[PDB]
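Structure 1 and structure 2, given next as structure tokens, are two forms of the same protein chain, each shown alone.
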Structure 1
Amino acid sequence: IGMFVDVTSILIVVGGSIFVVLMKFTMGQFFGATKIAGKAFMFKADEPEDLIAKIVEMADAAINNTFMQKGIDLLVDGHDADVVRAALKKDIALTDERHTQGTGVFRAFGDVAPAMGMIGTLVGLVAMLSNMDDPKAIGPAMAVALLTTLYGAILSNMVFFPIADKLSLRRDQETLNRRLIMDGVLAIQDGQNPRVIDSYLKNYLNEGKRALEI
């Protein structure tokens, strides 16, 4: 309600954070980071088991994910093992780098929001004290300063840092799926049976964060 909303406080916090962030990230970089965050929040990463099932279902014959779309299209084009390896590792590194940079953008935002809140609360306290003949009606004058501090804390702890953490988790999942799809495409190019590759495909599915799931 109207006690928790202040135009000047949100303006100070948002403008200061945007200024400081644009001192290290261009507008295109920030927009790409927001696009990556929206993709990671509104879309679900493909299940590795479903990916393995799709790989083994399409292996014996010789389509939803774009990575395996590109893989099968380029294999149809008929390139070499060095070509497929180079292109797929390049795509993996590219995706990892943009995810890391989006994490950096949102972490810079989360680090700079509470400093802007401190600046805003200092401005509010100065404004309160400059008009204090008697300490009677200074409650609402302090409310705006604590409001700027609260805005900084909320944006830092409940918005920007969770977005960065979700981007990190999405980067991990995307890297795992990319490695799985690369291995499947290499196996299909070689022409092995579907059963032999599945023996080692899921050996390292318990890597890192998933180690607690067993």
Structure 2
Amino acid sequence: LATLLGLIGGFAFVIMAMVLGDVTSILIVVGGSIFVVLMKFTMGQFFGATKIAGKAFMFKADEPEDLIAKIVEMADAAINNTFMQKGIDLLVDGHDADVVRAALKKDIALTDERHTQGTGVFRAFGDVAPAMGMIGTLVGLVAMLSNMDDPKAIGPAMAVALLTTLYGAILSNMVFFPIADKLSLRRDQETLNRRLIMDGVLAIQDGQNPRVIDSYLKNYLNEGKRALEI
């Protein structure tokens, strides 16, 4: 049934996209939304949020099970993952446990803040899109009423103005808000992965027993949204 749900969701997104595309009506909505958003976020912050969203949509997060397998491999011994490699280098160069904990917690908080900022930017976009669609619709109505010449053109031109409103909704509920929700999900996934990596690195550095730390990692896997999958 997973394939059926994926196909129906993709088909709904596709039909909404062809309803979206037409060029000017979306342009008004996006221009107004961008203008209002840039009063709260700088241009650099907006591009950072767009980069975070692109990374979260194109690339996939590392599975926690493979992370556990690698962690136990290194624990029994004594990596493509960037955070894992950084932690390994920090612990192998020679440092106290407190320094490693501080560095890893700082990186975790940095990633959490970046994903929260991206979520905030896209939620602001979702909040402000329908208002701008409505403003464009009202401007179109004013133009249509001040250029009222043919009854046969009352219908179609009206439908053009209302089109702007539609786009706002189609952008608010199906583009920006889903992107923010996906960013929140990616934040949760990356926080779980980095917390697992930090715990494993501390266990390896502190020479803890592999069995108890493995059980600890399973306990970490058996919480959050992941509870529904067990």
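We call the rigid core the largest set of C-alpha positions that still match within 1.5 Å between the two forms. All residue numbers here follow the sequence of structure 1, with the first residue given the number 1.
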| item | value |
| --- | --- |
| Did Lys136 shift 2 Å or more between structures 1 and 2, C-alpha, core superposed | yes |
| Flag for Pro194, CA shift 2 Å or larger between structures 1 and 2 after aligning core | yes |
| Rigid-core-fitted C-alpha displacement of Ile55 between structures 1 and 2 (angstrom) | 0.8 |
| Core superposition result - C-alpha of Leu205, shift between structures 1 and 2, Å | 1.7 |
| C-alpha positional change at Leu11 between structures 1 and 2 - rigid core reference, Å | 2.3 |
